[PDB]
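We give structure tokens for two forms of one protein chain below, kept apart as structure 1 and structure 2.
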Structure 1
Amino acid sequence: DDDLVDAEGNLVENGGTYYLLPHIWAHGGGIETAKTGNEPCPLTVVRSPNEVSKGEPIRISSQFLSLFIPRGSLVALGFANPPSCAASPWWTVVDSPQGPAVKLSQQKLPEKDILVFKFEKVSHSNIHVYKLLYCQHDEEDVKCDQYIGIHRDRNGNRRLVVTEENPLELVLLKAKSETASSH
């Protein structure tokens, strides 16, 4: 398929809110926000330990003026209900001593700092299962030869950082509301 398709086989609406669960049932199930290091609050994008814990909704937008987002499109993911110290829902990759790390910022990132993602397909499958890729911009615009896998922390944290090769598979599911918050 060239477009992106979710779990109930429907097309992934552009800039729609989704749940980024994993292919295999027993791996956890929810992308979230944990406060690690000395972020004055939760900016480290993690993965809900409780399997039956859908975790937060995530806006999936592209660069195009499309009603749907086609594979190939660089994309910007982002907690539709970002934590106060954000003011930018968006995920972004900073540099840790252990390389790249998805997190939130307290300031606005330029688009070319947010729009650094790409979804890749999984062929030996039935559901539409994808593998999150990452694009480095050095000299020339895009390069998606990286990959996002899970990396654990001494505190049971499942750090979502760029990995050599142990991608995290993800089946996108539509969010059945958008009011889930703390209003």
Structure 2
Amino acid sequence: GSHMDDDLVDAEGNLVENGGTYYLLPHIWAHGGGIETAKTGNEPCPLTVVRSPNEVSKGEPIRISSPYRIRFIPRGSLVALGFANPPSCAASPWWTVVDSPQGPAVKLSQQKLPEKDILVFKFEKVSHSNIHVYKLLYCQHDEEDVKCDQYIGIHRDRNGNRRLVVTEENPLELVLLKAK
């Protein structure tokens, strides 16, 4: 069963488009907003991917991209995630996971990255009727194959920056909203 039911769908009931721009909206009980950036510690600019604490904000427009020449994004297929309008200090728009003092965290980079470093995300369906909710998987470089066994979660820090990090116990759930 291939199924059209396998492609990602946005909050409006429309197929998620490769290269399209979307807002990533946490689907959990804690109030807040979409995903955006923030400057933490060292960083000379916002290189830390975080969930907005503001509730009226849908966060930053984000591109969901598959290198392959497909119009729609199938679940379980690898994708790169990035900001369509990243901080002037970021080399590229793409998110990447780097081990931080607090553990594997989602950040932007000041140096261009190879394909293998950005194609590390995958959306996993959470069963709901009428709506489409997903969990976000992270898949390190298991050499040549792929290996999605870790999820992305939120780790509130000292200042209250809701940082996106790799979590083994508490994954985020998200809905995708087409950024017009």
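Superpose the two forms; the largest set of C-alphas matching within 1.5 Å is the rigid core. Structure 1 provides the reference sequence; residues are numbered from 1 along it. Residues that one form lacks are left out of the comparison.
Visitor: For the list 158, 131, 54, 27, which one shows a CA move of 2 Å or more between the two structures after the core is fit?
Guide: The only residue crossing the 2 Å threshold is 27.
Visitor: Keeping the rigid core fixed, what distance in angstrom separates the two C-alpha positions of residue 121 between the two structures?
Guide: Between its two positions, the C-alpha of residue 121 lies 0.4 Å apart after core fitting.
Visitor: Once the two forms are fitted on their rigid core, how many angstrom does the CA of residue 140 move between the two structures?
Guide: Reported C-alpha shift between the two structures: 4.1 Å at residue 140.
Visitor: After superposing on the rigid core, what is the C-alpha displacement of residue 99 between the two structures, in Å?
Guide: Here the C-alpha difference is 2.2 Å.
Visitor: I need the moving stretches between the two structures: superpose on the rigid core, then report runs of 3+ consecutive residues where each CA shifts by 2 Å or more, in sequence order.
Guide: After superposing the rigid core, the shifted stretches between the two structures are 24-27, 97-99, 124-126, 138-141.
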